[PDB]
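Residues per chain, in single letters:
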Amino acid sequence: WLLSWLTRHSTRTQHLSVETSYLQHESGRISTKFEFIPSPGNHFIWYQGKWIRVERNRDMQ
Amino acid sequence: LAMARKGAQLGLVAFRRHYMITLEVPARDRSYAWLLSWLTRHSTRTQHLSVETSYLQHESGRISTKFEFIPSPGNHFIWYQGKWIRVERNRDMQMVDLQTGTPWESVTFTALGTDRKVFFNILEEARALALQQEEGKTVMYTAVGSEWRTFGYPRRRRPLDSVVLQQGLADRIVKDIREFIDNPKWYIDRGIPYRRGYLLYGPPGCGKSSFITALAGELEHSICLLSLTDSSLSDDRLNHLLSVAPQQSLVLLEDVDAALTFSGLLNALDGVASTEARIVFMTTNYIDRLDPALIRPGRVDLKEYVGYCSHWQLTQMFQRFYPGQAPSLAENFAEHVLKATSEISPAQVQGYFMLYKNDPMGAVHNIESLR
Amino acid sequence: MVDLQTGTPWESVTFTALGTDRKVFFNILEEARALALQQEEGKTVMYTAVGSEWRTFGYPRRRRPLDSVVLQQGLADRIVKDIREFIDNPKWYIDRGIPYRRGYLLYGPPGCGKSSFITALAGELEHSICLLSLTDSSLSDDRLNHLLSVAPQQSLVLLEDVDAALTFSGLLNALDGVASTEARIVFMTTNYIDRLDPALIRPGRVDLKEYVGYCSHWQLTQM
Amino acid sequence: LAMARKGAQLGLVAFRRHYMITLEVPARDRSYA
Ligand SMILES: Nc1ncnc2c1ncn2[C@@H]1O[C@H](COP(=O)(O)OP(=O)(O)O)[C@@H](O)[C@H]1O
Ligand SMILES: Nc1ncnc2c1ncn2[C@@H]1O[C@H](COP(=O)(O)OP(=O)(O)O)[C@@H](O)[C@H]1O
Ligand SMILES: [Mg+2]
Ligand SMILES: [Mg+2]
């Protein structure tokens, strides 16, 4: 929910990661749609208030 | 102090650069194959490559081995519409436990340009490649009691050009069925059951069951074969099986003339308490046993007769079984064939060419044996 | 660490060359494949129908070479050409609406090599065999239609002593069934051709009639 | 300071060699045998 809102709200973003939907229904029918979310790192977005620092970071766990 | 001040400024500059740069990272999301395959085709001149081996050991003693090459761990430089792009595939100290116990893999694409219209094309190209590589197959379903299960391997799609009927006879049915799939809102909004009826009738061996087999493969739909001569089939067995049919499928009935009763067939064909997106096809070798009121709109939305071979069917079938021949040979043949036979079904034309496979001119000189 | 198989270190092998041409490694991988495949030798796996299902029958037999069954000259090559033409041309059938199936009939005196040759032919083409004798007691009309409808890919169907044929009327959909799998080759063996109907051996059901006779002068020199 | 200066020049030369050097790596894809 959060990630979808981020992409919808910004509409103008640089670092993005690709998630692929492989809805291979058992009929030979393959349905593929692309859902875009921000990539590994930090982003800045504009809201009613001042610029907000958003960060998505990976760990060793 | 001096080093710390220099380091902080550098990092800030990189972030500003990142805004005017571009980064994409996919991690084991089944995008690797599509992206990587496009990369090798696009570069054509590459140094560091890794080998993935395909071991398609079909159970027949047959071992099939092919090598698929992809770039190795590290970085590469490619030339595109924009300025030179730095592509890197890098390994990490983290580990995946899901599939095979292998290192986590990250692929990063960094470009000089500030326009993001480029990658939309790149991803789509990979989808085109992956679907071009794979070939569609029609999945067949067989009723095992009250449920459906896959039957053998996915069969290869018989092309629609093989079943050769009169001109405009195949195109009129295609228009009706393509309209049904592309308009799901017109039905439910108006409370109409989202179902479409079709009937093909005629003498045996005309192509009633032949055409329906090839139509589903073109539309990327499955088929539910059902002969009305089974011994373990009853009335209650059939009502359930037609309600749990896979989506994007066509229901086929063979030799409806032997109807099971006629009065009990009403609620079976058009049941209000039934699923949506159901397409039914009906084939009967003898129309002289069905009631004319059975084929009205609501149950059958298009009546069409499938007759013997016409001149249009003979000229085209002669070119399928004997390609590369002169057009005049596909006129002397169709001329004398109809002159020696009053009525001839395609099943007899399909079997006659089996005596002279890939042997033109023999069919014109040996028409009298068909008496 | 690998947790999949055995708890071993993950292993990577690197080949590094100074030269700028990539023609070298293409040869290296190919030679390695040849070495491993030369060592192993293929075996023909035999399958037997136990009622309505299929089960393995004994161990994989050692492939009897095709030169062991010694028939007249040109008889082994004509059958190889006909069946290799069928396997290597799957597009010629479906495009023309013909069922992708091939019929074969072998007739002659008993003990001439009809069933012997079929054992060696599948080994040459690296195909399996589905043994089926026409003397079973639990076999009926519907029982045979099911077994013939799920054939393994790259396999040959064998029939023993077709002369003693289960009913004849129910055999029509069994021989040429529209609802059957693709890439299916059927073989028929009868020790007496004087019991089959002439309309039973037409194209569509039987695509090649072949007689197996006694030893000629050429066969004695080779044996 | 000294260490940082030396590393930058050396590392770049290797990258130039990477284009002029071919590499093949298989990883436990049943090609090891
Ligand atoms: N109109 C046609 N064009 C090409 N082939 C046909 C046609 N009609 C029938 N055939 C061939 O006849 C065979 C069986 O036809 P079938 O579907 O059993 O006829 P029906 O279902 O009308 O009794 C198939 O192998 C098919 O290729
Ligand atoms: N043409 C042949 N060449 C070599 N051996 C043969 C030949 N024909 C038959 N045999 C031998 O005969 C035995 C049984 O033959 P079989 O396959 O039962 O004959 P059929 O099946 O024609 O009745 C086998 O041991 C086989 O080695
Ligand atoms: Mg029919
Ligand atoms: Mg015998």
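Residues numbered from 1 in each chain as written, not as in the entry; some residues may be left out. Chains lettered and ligands numbered in written order. Part of a larger assembly, values for the part shown. Heavy atoms only, no water.

For this deposited structure, the header cites X-ray crystallography as the method used and 4.40 Å as the resolution.

Here we take up the site of ligand 1. Taken together, 17 residues are adjacent to ligand 1, and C206(B), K208(B), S209(B), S210(B) and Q350(B) come closest. The environment around ligand 1 is built from residues contributed by chains B and C. Here an oxygen atom of ligand 1 and a side-chain polar atom of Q350(B) are 2.7 Å apart. Elements represented by at least two residues in the shell around ligand 1 include exactly α6 (208-218) and α11 (346-352) of chain B. (Near = heavy atom within 4 Å. Polar contact = N/O pair within 3.5 Å; in protein donor to acceptor, adjacent residues only side chain to side chain. Helix = DSSP H or I, 4+ residues; strand = E, 2+ residues; numbered from the N terminus.)

Turning to the UniProt feature "binding site: ATP" in chain B, a few remarks are in order. Residues and elements named next belong to chain B. Under the local residue numbering, the UniProt record ascribes the feature "binding site: ATP" to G202, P203, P204, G205, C206, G207, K208 and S209. Note on placement: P203 falls in the loop between β11 (195-201) and α6. Take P203: its relative accessible area is 17%, and that puts it in the buried class. Here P203 is in contact with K208, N285, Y305, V306 and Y308, once residues within four sequence places are set aside. The topology assignment puts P204 in the loop between β11 and α6. Contacts of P204, omitting those with residues within four sequence positions, involve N285, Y286 and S345. (UniProt positions renumbered as here; feature names shortened; annotations may be inferred. Buried < 20%, exposed > 50% of the residue type's maximum accessible area, 1.4 Å probe, protein only. Contact = heavy atoms within 4.5 Å.)

The subject of this paragraph is the pattern of salt bridges. A pair can form between side chains of opposite charge whenever their charged atoms are brought close. Residues and elements named next belong to chain B. All chains considered together, the criterion is met by 16 salt bridges over all chains. For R86, the salt bridge goes to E88, with nearest N and O atoms at 3.6 Å. Take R86: its relative accessible area is 45%, and that puts it in the partly exposed class. Close ionic contact of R89 with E105 constitutes a salt bridge, the shortest N to O distance being 3.0 Å. One end of the pair, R89, is in strand β5 (residues 85-95); the other, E105, is in strand β6 (residues 103-110), and 16 residues separate them in sequence. (Salt bridge = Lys/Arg side-chain N within 4 Å of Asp/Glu carboxyl O.)

This next bit is on the pairing of strand β8 (residues 140-144) of chain B. Residues and elements named next belong to chain B. Bridge count for β8 against strand β12 (residues 222-224) is two bridges, and the pairing is parallel. Residue pairing across strands places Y141 opposite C224, the latter belonging to β12. Taken together, the four bridges between β8 and strand β9 (residues 147-150) define a ladder with antiparallel strand orientation. For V144, the partnering residue across the bridge sits in β9 and is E147. Linking two consecutive strands that pair antiparallel, namely β8 and β9, is a turn of two residues; a positive phi of about 75° is found at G145 within it. (Pairing = 2+ DSSP bridges.)

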